[PDB]
file target_39.cif (mmCIF, C-alpha atoms)
data_coords
#
loop_
_atom_site.group_PDB
_atom_site.id
_atom_site.type_symbol
_atom_site.label_atom_id
_atom_site.label_comp_id
_atom_site.auth_asym_id
_atom_site.auth_seq_id
_atom_site.Cartn_x
_atom_site.Cartn_y
_atom_site.Cartn_z
ATOM 1 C CA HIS T 54 -37.037 -22.109 -48.794
ATOM 2 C CA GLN T 55 -36.158 -24.376 -51.713
ATOM 3 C CA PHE T 56 -38.380 -25.919 -54.378
ATOM 4 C CA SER T 57 -38.227 -28.775 -56.922
ATOM 5 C CA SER T 58 -39.814 -29.197 -60.382
ATOM 6 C CA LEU T 59 -41.689 -31.902 -62.366
ATOM 7 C CA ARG T 60 -41.095 -32.581 -66.094
ATOM 8 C CA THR T 61 -43.964 -34.251 -68.066
ATOM 9 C CA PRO T 62 -44.939 -34.270 -71.828
ATOM 10 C CA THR T 63 -48.334 -32.720 -70.953
ATOM 11 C CA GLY T 64 -48.492 -31.141 -67.477
ATOM 12 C CA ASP T 65 -50.622 -33.749 -65.747
ATOM 13 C CA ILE T 66 -49.564 -33.242 -62.088
ATOM 14 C CA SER T 67 -52.613 -35.302 -61.013
ATOM 15 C CA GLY T 68 -50.962 -37.948 -58.799
ATOM 16 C CA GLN T 69 -47.351 -36.712 -58.471
ATOM 17 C CA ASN T 70 -46.669 -35.183 -55.022
ATOM 18 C CA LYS T 71 -46.575 -31.348 -55.072
ATOM 19 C CA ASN T 72 -43.781 -29.434 -53.240
ATOM 20 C CA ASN T 73 -44.443 -29.503 -49.469
ATOM 21 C CA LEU T 74 -43.809 -26.418 -47.285
ATOM 22 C CA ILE T 75 -41.281 -26.954 -44.449
ATOM 23 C CA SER T 76 -39.814 -24.103 -42.394
ATOM 24 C CA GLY T 77 -36.474 -24.135 -40.588
ATOM 25 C CA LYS T 78 -35.009 -22.325 -37.601
ATOM 26 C CA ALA T 79 -31.631 -21.103 -36.349
ATOM 27 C CA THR T 80 -31.410 -20.499 -32.598
ATOM 28 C CA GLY T 81 -28.806 -18.467 -30.727
ATOM 29 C CA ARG T 82 -28.113 -18.961 -27.028
ATOM 30 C CA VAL T 83 -26.239 -17.285 -24.185
ATOM 31 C CA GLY T 84 -22.896 -18.476 -22.864
ATOM 32 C CA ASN T 85 -21.247 -18.564 -19.464
ATOM 33 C CA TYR T 86 -19.906 -15.609 -17.495
ATOM 34 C CA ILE T 87 -16.505 -14.106 -18.270
ATOM 35 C CA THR T 88 -15.523 -13.384 -14.669
ATOM 36 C CA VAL T 89 -12.213 -12.140 -13.286
ATOM 37 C CA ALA T 90 -11.990 -11.252 -9.596
ATOM 38 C CA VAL T 91 -9.267 -10.085 -7.217
ATOM 39 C CA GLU T 92 -8.945 -9.814 -3.449
ATOM 40 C CA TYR T 93 -6.374 -7.811 -1.547
ATOM 41 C CA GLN T 94 -5.544 -5.544 1.379
ATOM 42 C CA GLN T 95 -6.682 -2.067 0.353
ATOM 43 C CA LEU T 96 -4.039 -0.215 2.391
ATOM 44 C CA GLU T 97 -1.254 -2.229 0.753
ATOM 45 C CA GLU T 98 -2.915 -1.599 -2.620
ATOM 46 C CA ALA T 99 -3.055 2.158 -1.969
ATOM 47 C CA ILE T 100 0.651 2.266 -1.002
ATOM 48 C CA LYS T 101 1.642 3.642 -4.415
ATOM 49 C CA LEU T 102 -1.369 2.786 -6.641
ATOM 50 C CA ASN T 103 -4.169 5.337 -6.348
ATOM 51 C CA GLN T 104 -7.611 5.468 -8.025
ATOM 52 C CA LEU T 105 -7.362 1.667 -8.533
ATOM 53 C CA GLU T 106 -6.542 2.308 -12.194
ATOM 54 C CA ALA N 81 21.790 -13.533 31.655
ATOM 55 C CA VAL N 82 19.950 -16.855 31.451
ATOM 56 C CA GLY N 83 22.079 -18.338 34.223
ATOM 57 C CA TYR N 84 21.530 -15.417 36.579
ATOM 58 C CA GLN N 85 17.775 -15.396 35.965
ATOM 59 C CA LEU N 86 17.640 -19.147 36.612
ATOM 60 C CA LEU N 87 19.669 -18.721 39.803
ATOM 61 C CA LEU N 88 17.295 -16.012 41.024
ATOM 62 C CA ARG N 89 14.233 -18.162 40.283
ATOM 63 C CA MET N 90 15.820 -21.296 41.790
ATOM 64 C CA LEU N 91 17.462 -20.071 45.023
ATOM 65 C CA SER N 92 14.105 -20.349 46.814
ATOM 66 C CA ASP N 93 14.326 -24.154 46.579
ATOM 67 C CA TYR N 94 17.198 -24.238 49.088
ATOM 68 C CA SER N 95 15.932 -21.231 51.111
ATOM 69 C CA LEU N 96 18.877 -18.925 50.418
ATOM 70 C CA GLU N 97 18.719 -15.128 50.326
ATOM 71 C CA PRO N 98 20.696 -13.661 47.399
ATOM 72 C CA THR N 99 23.550 -11.262 48.096
ATOM 73 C CA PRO N 100 23.523 -7.726 46.620
ATOM 74 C CA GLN N 101 26.474 -8.417 44.300
ATOM 75 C CA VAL N 102 24.655 -11.295 42.597
ATOM 76 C CA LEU N 103 21.598 -9.070 42.185
ATOM 77 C CA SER N 104 23.681 -6.310 40.593
ATOM 78 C CA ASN N 105 25.354 -8.769 38.220
ATOM 79 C CA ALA N 106 22.006 -10.282 37.243
ATOM 80 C CA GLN N 107 20.347 -6.933 36.581
ATOM 81 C CA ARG N 108 23.334 -5.697 34.564
ATOM 82 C CA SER N 109 23.321 -8.823 32.394
ATOM 83 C CA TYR N 110 19.548 -8.576 31.918
ATOM 84 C CA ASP N 111 19.894 -4.922 30.914
ATOM 85 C CA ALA N 112 22.508 -5.904 28.330
ATOM 86 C CA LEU N 113 20.235 -8.668 27.017
ATOM 87 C CA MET N 114 17.284 -6.301 26.648
ATOM 88 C CA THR N 115 19.588 -3.743 25.015
ATOM 89 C CA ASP N 116 20.576 -6.299 22.378
ATOM 90 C CA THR N 117 17.003 -7.016 21.231
ATOM 91 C CA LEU N 118 15.570 -3.485 21.422
ATOM 92 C CA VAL N 119 13.491 -2.192 18.503
ATOM 93 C CA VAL N 120 11.958 1.297 18.496
ATOM 94 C CA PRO N 121 8.805 1.564 16.339
ATOM 95 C CA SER N 122 8.532 4.537 13.999
ATOM 96 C CA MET N 123 5.230 6.377 13.682
ATOM 97 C CA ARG N 124 3.648 6.875 10.266
ATOM 98 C CA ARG N 125 1.379 9.502 8.753
ATOM 99 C CA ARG N 126 -2.331 9.332 9.513
ATOM 100 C CA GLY N 127 -3.657 8.419 6.075
ATOM 101 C CA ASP N 128 -5.687 11.530 5.323
ATOM 102 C CA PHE N 129 -2.576 13.699 5.615
ATOM 103 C CA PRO N 130 -2.065 15.725 2.416
ATOM 104 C CA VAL N 131 0.958 15.329 0.169
ATOM 105 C CA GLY N 132 2.261 18.687 -0.976
ATOM 106 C CA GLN N 133 2.563 19.953 -4.524
ATOM 107 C CA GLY N 134 6.349 19.629 -4.294
ATOM 108 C CA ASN N 135 6.130 15.840 -4.525
ATOM 109 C CA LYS N 136 4.661 16.091 -8.061
ATOM 110 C CA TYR N 137 1.607 13.923 -7.436
ATOM 111 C CA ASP N 138 0.586 14.251 -11.102
ATOM 112 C CA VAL N 139 3.207 12.142 -12.915
ATOM 113 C CA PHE N 140 5.792 11.179 -10.284
ATOM 114 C CA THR N 141 3.238 9.590 -7.922
ATOM 115 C CA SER N 142 -0.539 9.075 -7.786
ATOM 116 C CA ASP N 143 -0.718 9.752 -4.034
ATOM 117 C CA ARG N 144 -2.644 12.861 -3.102
ATOM 118 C CA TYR N 145 -2.473 11.555 0.487
ATOM 119 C CA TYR N 146 -0.239 9.200 2.432
ATOM 120 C CA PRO N 147 -1.362 5.564 2.787
ATOM 121 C CA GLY N 148 0.242 5.656 6.223
ATOM 122 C CA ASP N 149 -1.548 2.633 7.684
ATOM 123 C CA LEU N 150 -0.253 -0.590 6.073
#
call {"tool": "encode", "arguments": {"input": "target_39.cif", "output": "structure tokens"}}
result
Amino acid sequence: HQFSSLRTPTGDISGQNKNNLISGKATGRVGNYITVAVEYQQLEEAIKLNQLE
Amino acid sequence: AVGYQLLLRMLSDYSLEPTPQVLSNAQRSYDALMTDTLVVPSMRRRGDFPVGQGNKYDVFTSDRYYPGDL
């Protein structure tokens, strides 16, 4: 929050508008999916590459 | 080979019985033709067959068993 001030010779604040109270917001959202996919023949994959590591 | 096979399949049009010499020539040429294009498949390991410790399946290869299927 932020506020302002009034300067007067005597502090008559009778008609001058007083500080109003306004509240803000900051929203966070979710993004899209980070997707990577592969397709293959598992016997050809397991020819020399075991454990799929 | 192609000519002899065609002659054998075509002689019936004119109703002619082939002679033994033509038959021998045709079969010999066909045998040569089939000899030219002969391929003998080679069997492969089952797939659950173990790979011995002598192959060093720790660092040399990751295969504890043969793929053997393709």
call {"tool": "interface_residues", "arguments": {"input": "target_39.cif", "of": "chain T", "to": "chain N", "cutoff": "7 Å", "atoms": "all atoms listed in the file", "output": "MDAnalysis selection string"}}
result
chainID T and resid 96:97 99:103
call {"tool": "residues_around", "arguments": {"input": "target_39.cif", "residues": "residue 56 in chain T", "least_positions_apart": "3", "cutoff": "10 Å", "atoms": "only C-alpha atoms", "output": "short mmCIF file (atom, residue, chain, number, x, y, z; two decimals) with C-alpha atoms, in the frame of the given file"}}
result
data_model
loop_
_atom_site.label_atom_id
_atom_site.label_comp_id
_atom_site.auth_asym_id
_atom_site.auth_seq_id
_atom_site.Cartn_x
_atom_site.Cartn_y
_atom_site.Cartn_z
CA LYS T 71 -46.58 -31.35 -55.07
CA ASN T 72 -43.78 -29.43 -53.24
CA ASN T 73 -44.44 -29.50 -49.47
CA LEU T 74 -43.81 -26.42 -47.28
#
call {"tool": "residues_around", "arguments": {"input": "target_39.cif", "residues": "residue 77 in chain T", "least_positions_apart": "2", "cutoff": "10 Å", "atoms": "only C-alpha atoms", "output": "MDAnalysis selection string"}}
result
chainID T and resid 54 75 79
call {"tool": "atom_distance", "arguments": {"input": "target_39.cif", "atom1": "CA of residue 109 in chain N", "atom2": "CA of residue 97 in chain N"}}
result
19.6 Å
call {"tool": "atom_distance", "arguments": {"input": "target_39.cif", "atom1": "CA of residue 82 in chain N", "atom2": "CA of residue 120 in chain N"}}
result
23.7 Å
call {"tool": "atom_distance", "arguments": {"input": "target_39.cif", "atom1": "CA of residue 102 in chain N", "atom2": "CA of residue 117 in chain N"}}
result
23.1 Å
call {"tool": "residues_around", "arguments": {"input": "target_39.cif", "residues": "residue 84 in chain N", "least_positions_apart": "2", "cutoff": "12 Å", "atoms": "only C-alpha atoms", "output": "ChimeraX atom specification"}}
result
/N:81-82,86-91,98,101-110,113
call {"tool": "build_atoms", "arguments": {"input": "target_39.cif", "residues": "range 96-114 of chain N", "atoms": "N, CA, C and O atoms", "output": "compact mmCIF listing (two decimals), in the frame of the given file"}}
result
# COMPACT_ATOMS: atom_id res chain seq x y z
N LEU N 96 17.67 -19.74 50.35
CA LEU N 96 18.88 -18.92 50.42
C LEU N 96 18.56 -17.52 49.92
O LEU N 96 17.95 -17.36 48.86
N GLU N 97 18.96 -16.52 50.69
CA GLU N 97 18.72 -15.13 50.33
C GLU N 97 19.87 -14.61 49.47
O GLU N 97 21.02 -14.68 49.90
N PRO N 98 19.60 -14.11 48.26
CA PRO N 98 20.70 -13.66 47.40
C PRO N 98 21.41 -12.44 47.96
O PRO N 98 20.81 -11.59 48.62
N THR N 99 22.71 -12.37 47.68
CA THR N 99 23.55 -11.26 48.10
C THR N 99 23.42 -10.11 47.10
O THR N 99 23.08 -10.32 45.93
N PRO N 100 23.67 -8.87 47.54
CA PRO N 100 23.52 -7.73 46.62
C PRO N 100 24.39 -7.80 45.38
O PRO N 100 23.97 -7.32 44.31
N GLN N 101 25.60 -8.36 45.47
CA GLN N 101 26.47 -8.42 44.30
C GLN N 101 25.88 -9.29 43.20
O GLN N 101 25.94 -8.94 42.02
N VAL N 102 25.30 -10.43 43.58
CA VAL N 102 24.66 -11.30 42.60
C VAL N 102 23.48 -10.57 41.95
O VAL N 102 23.27 -10.68 40.73
N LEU N 103 22.72 -9.82 42.74
CA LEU N 103 21.60 -9.07 42.18
C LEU N 103 22.08 -8.03 41.18
O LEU N 103 21.48 -7.86 40.11
N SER N 104 23.15 -7.31 41.51
CA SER N 104 23.68 -6.31 40.59
C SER N 104 24.17 -6.95 39.30
O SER N 104 23.90 -6.45 38.21
N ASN N 105 24.89 -8.07 39.42
CA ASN N 105 25.35 -8.77 38.22
C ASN N 105 24.18 -9.22 37.36
O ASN N 105 24.20 -9.06 36.13
N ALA N 106 23.16 -9.79 37.99
CA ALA N 106 22.01 -10.28 37.24
C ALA N 106 21.29 -9.15 36.53
O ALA N 106 20.93 -9.28 35.35
N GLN N 107 21.08 -8.02 37.21
CA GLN N 107 20.35 -6.93 36.58
C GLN N 107 21.17 -6.30 35.46
O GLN N 107 20.61 -5.91 34.43
N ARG N 108 22.49 -6.23 35.63
CA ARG N 108 23.33 -5.70 34.56
C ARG N 108 23.29 -6.59 33.33
O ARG N 108 23.16 -6.10 32.20
N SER N 109 23.39 -7.91 33.53
CA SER N 109 23.32 -8.82 32.39
C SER N 109 21.96 -8.77 31.72
O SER N 109 21.87 -8.81 30.48
N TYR N 110 20.88 -8.68 32.50
CA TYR N 110 19.55 -8.58 31.92
C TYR N 110 19.38 -7.28 31.14
O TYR N 110 18.74 -7.26 30.08
N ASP N 111 19.95 -6.18 31.65
CA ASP N 111 19.89 -4.92 30.91
C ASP N 111 20.64 -5.03 29.59
O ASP N 111 20.16 -4.53 28.57
N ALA N 112 21.80 -5.69 29.59
CA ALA N 112 22.51 -5.90 28.33
C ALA N 112 21.68 -6.75 27.36
O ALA N 112 21.60 -6.44 26.16
N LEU N 113 21.05 -7.81 27.87
CA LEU N 113 20.24 -8.67 27.02
C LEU N 113 19.08 -7.90 26.40
O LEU N 113 18.80 -8.04 25.20
N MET N 114 18.39 -7.07 27.19
CA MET N 114 17.28 -6.30 26.65
C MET N 114 17.78 -5.20 25.72
O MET N 114 17.06 -4.80 24.79
